[PDB]
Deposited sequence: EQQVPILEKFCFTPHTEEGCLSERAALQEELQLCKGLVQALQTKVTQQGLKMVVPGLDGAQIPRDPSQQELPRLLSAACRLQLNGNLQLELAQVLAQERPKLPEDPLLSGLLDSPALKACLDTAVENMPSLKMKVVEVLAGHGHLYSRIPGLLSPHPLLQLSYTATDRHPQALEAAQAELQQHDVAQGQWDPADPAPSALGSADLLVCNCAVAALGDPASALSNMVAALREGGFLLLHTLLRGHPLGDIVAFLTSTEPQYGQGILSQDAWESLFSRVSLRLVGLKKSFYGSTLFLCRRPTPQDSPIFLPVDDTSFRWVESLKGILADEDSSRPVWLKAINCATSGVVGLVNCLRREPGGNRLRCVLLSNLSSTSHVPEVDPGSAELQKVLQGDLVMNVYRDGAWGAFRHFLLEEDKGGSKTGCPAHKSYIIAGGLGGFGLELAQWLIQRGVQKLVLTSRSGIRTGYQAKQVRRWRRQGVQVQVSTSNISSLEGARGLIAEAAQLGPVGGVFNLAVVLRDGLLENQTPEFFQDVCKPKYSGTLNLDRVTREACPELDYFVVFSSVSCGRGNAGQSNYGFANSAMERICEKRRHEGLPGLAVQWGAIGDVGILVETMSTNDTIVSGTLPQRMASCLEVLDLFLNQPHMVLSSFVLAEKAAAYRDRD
């Protein structure tokens, strides 16, 4: 019966995060217990619910048992070797793998792929078990194809997992990281290794051979435990394995093998996800500002990317506009010809208090960004990072007071009429629907006639929000009916086409109702709408994910999202909703059809689902949300 959409929040995510998982009391308690069981040792049942029933506490207690009589010094080899393959499921030894930290690293890798494909190799999968996590974490990507190979030194180490491996199209191989990689595993896009449990052996040699297996620009994801931290020291004590190094040692090792560090997730107890990258021979970068409002820079970019012969990296710089939509622009152009040449920098501070770093050609900061060579480089309030998607949690209902006015920009549109209907039946008695040319269809006129016959005061306005004057006039109209309780920007103009077929004027057209419109709506509601409860813009997966031939559209949407973020930061209402394909009504169904037409591995979301999801979203504290329905 009902569709089940995937719901996510779109958050700015620092490259470096520390103290992670500190809010997980179940982990805090378990860590305390383990700390006790080692201080005891040195000095001398249903699903595990209490922190003492977990794998590592169990092992430690069994080592106290031996410590009493049978002697751990003699039996440790058989107990450790016994419970070894089960230890990676300990909550602490896999906290980061279970957290969104893993997803954040994987998505960073995917984002920096030149195409929607990734060749993956897992080292020491027999105890790493990352093959049972990564494919599932990336399966929501409707287009991404993975080529995954699980490898290990001892061919039998992956025997008990032959079923799941083969059944989920994961290839198997033999590789001791001590040696060089089989040539077949070469030119890998991503090498992963969970050596929190797995015997890494000599890490210097191991890392050297891993890098060699990566392509230039390829990524290494390493999960491990740090010396000088509690969990690392505890696991080390049980070792009497080798491969448990301090962070300084790790970073020295990365330098020694040329690995560039570009990501770092550290838990409060010292478990760590290193995201490293093999360098690409730095060709002289090109630097193009995109802050020019005339979008003249579009013509410049046309010329640059027209040069098919060149491999010059193209860096788009947005340093004088926090509400730039460069991120959305890039997500689209990356899917267009020469898109792999693209990177970007975006200075987007939410606080005017915050310091702006200098990223002119020749700065330490800019050179540091270049060495990383990441596609997405967003500076925000003291931290470098990028917007990432994360699984929204579960969570009341939406009712509107009869005396408040509600505005829908683009209200006579497909989604707009359905939104008006939904708002009404949630109590709305005062509606203002805007349109550049007023009513134009019998369908539109009919719904308005109905709503009026029901008693709903429905005004149809032509006050163009793309202008500050027209905007100001619009809220005046709504005010004449009652205090503006909410605004909903559903206005859109399309000027699709590859960038080679784009113009600055087309970009201006597309940005008029979305970018300029939402700016003016932000300004006037701040001034004259003190009872505004809702400030909702409708964005798209075209912005949040990217879509060839819609770069201007991605830009406009992305800019709206930035505005919403600033608004929420200042306590004002604000919400961008990245919609996937929408069935029943709207532009898409006009070309064409509701159900049947699979759209890039996703399905048009039925309006029933859409409104149900919108209800959930309107009652969230998050700035940017996403909804789409996966096909198959």
item: Stretches of the record's deposited sequence for which the structure holds no C-alpha atoms; value: 45-59, 256-260, 416-418, 656-664
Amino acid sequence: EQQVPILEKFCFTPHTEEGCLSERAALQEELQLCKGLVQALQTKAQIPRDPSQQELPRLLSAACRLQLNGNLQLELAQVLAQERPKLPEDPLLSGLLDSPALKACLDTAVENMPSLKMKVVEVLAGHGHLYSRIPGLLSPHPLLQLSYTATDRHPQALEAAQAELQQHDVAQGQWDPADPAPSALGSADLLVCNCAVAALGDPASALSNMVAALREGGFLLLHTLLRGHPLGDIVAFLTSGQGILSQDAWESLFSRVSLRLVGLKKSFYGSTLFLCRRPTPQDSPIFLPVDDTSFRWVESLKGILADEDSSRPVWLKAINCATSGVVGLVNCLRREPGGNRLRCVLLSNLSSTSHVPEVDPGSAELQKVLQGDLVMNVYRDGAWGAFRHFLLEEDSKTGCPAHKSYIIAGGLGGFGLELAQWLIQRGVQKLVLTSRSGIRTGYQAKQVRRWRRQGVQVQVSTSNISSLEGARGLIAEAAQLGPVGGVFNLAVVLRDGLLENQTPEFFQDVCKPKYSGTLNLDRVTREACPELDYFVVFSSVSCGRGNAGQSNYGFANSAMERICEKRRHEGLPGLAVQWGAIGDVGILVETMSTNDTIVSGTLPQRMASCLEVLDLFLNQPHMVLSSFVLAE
From here on, numbers count along this sequence of modelled residues.
| query | finding |
| --- | --- |
| Greater mean Cα temperature factor according to the PDB record, 337-345 or 500-508 | 500-508 |
| Mean Cα B-factor comparison, 62-70 or 588-596, giving the higher one as deposited | 588-596 |
| Largest Cα B-factor, entry values, listed residues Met607, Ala581, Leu575, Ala40 | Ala40 |
| Criterion, highest CA B-factor; candidates, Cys332, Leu221, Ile475, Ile439 | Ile475 |
| B-factor third for the C-alpha atom of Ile47 within its chain | highest |
| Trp297 CA temperature factor, ranked by third within the chain | middle |
| Record-listed C-alpha B factor of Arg133: chain third | lowest |
| For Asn320, the third of its chain into which the C-alpha B factor falls | highest |
| Chain-relative CA temperature factor third for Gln162 | highest |
